[PDB]
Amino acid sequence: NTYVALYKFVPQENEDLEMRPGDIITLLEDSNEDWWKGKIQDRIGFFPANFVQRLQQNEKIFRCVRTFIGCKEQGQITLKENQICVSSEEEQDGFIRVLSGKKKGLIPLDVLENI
């Protein structure tokens, strides 16, 4: 059961697991609503539950290299530079359908960096 960090998390106590946007978390315990326990590479600790997004099968992680304001009537998304998104789909006409939190929509390939 894996997740992707959407936002950084800076440890305040030793048991906190530092996160950077784009990190793949393996979930150990969904302890409470606020703080989950998990694993990034070899390290383990606690991280904010509300800063991660569930990774589904075949989904690839992307970083926006540039802010993109999309045409809502063309089903396009709006994401800011450094924001994380995911897609399991293929490109069409230079755009790909991505998911970033609750936002779902099309975004050009050239706005995305593969991480």
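Numbers for residues come from their place in the sequence shown, where the first is 1.
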Residue stretch of maximal mean CA temperature factor, 36-44 vs 74-82: 74-82
88-96 or 9-17, whichever carries the higher mean Cα B-factor: 88-96
Per the PDB entry, maximal CA B factor within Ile61, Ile69, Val52, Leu27: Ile69
Among modelled residues of the same chain, the CA temperature factor third for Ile115: highest
